[PDB]
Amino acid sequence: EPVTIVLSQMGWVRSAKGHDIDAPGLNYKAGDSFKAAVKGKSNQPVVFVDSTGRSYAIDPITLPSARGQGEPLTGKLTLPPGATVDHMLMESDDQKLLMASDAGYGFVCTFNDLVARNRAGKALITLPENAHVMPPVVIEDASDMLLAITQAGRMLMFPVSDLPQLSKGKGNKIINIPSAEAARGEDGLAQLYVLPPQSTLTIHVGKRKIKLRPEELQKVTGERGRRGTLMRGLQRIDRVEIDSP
């Protein structure tokens, strides 16, 4: 059966039947509210990634219905002190994924690599000083390009296949960001995409729009782990529109 697992802001979860659920409009306890939702199947394990970079797996069947307030994840999971669950995933066991930190390090892995039954989960991705976990990216096509944009406004593109595949760890650097700067929030991974090579991006920066055609994206293609290319007026991105045939 198709289900929609809902996570509240205070770390409460519940399993709603179907995918027509209005999660934000659900009933949350006082002071609590919607945080995230994920759509999957009842036979599919739901994966949780906490703020420290650990992954956990829970069988949806064991979760309470969305008819109640739900239950605290602490009931089934033991997270590091002060940690919170920031990401949920439900994909096929073989589904290729892109894990990364905002320090510019990351690796390609499989959904199965995140599945940790034990309540303490597993150390999936290691975070450098003051680094944060990036939103994991689902790799639809093994031939897609990896696109990275830094806070400083630098871009780098290369086949996602170039990024070494790991089951855990800090990973290798996607784009070159000075470790010292990253640890001070002076620079870092601002955006991370995996998309077809003939894609067109429309980037919203304040009251301006920067349109990058496949031709422009070509000029920023290079080797994994490089600087790489500095863009004009591409800091403080508000929104990114991606057109991919």
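Residues carry their position along the shown sequence, with the first being 1.
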Going by the B-factors listed in the PDB entry, is the mean over the C-alpha atoms higher for 17 to 25 or for 232 to 240? 17 to 25
Tell me which of 50 to 58 and 189 to 197 has the higher mean C-alpha B-factor in the deposited entry. 189 to 197
The residue of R184, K211, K41, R208 with the maximal C-alpha B-factor according to the PDB record is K41
The residue of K168, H132, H87, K76 with the maximal C-alpha B-factor according to the PDB record is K168
Using the B-factor values recorded in the entry, state whether the Cα atom of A142 falls in the lowest, middle or highest third among the modelled residues of its chain. highest
For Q95, does the deposited CA B-factor place it in the lowest, middle or highest third of the chain? middle
Comparing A66 with the other modelled residues of its chain, is its CA B-factor in the lowest, middle or highest third? highest
For the chain shown, is the CA B-factor of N176 in the lowest, middle or highest third of its modelled residues? lowest
Select lowest, middle or highest to describe the third in which the CA B-factor of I203 falls within its chain in this entry. lowest
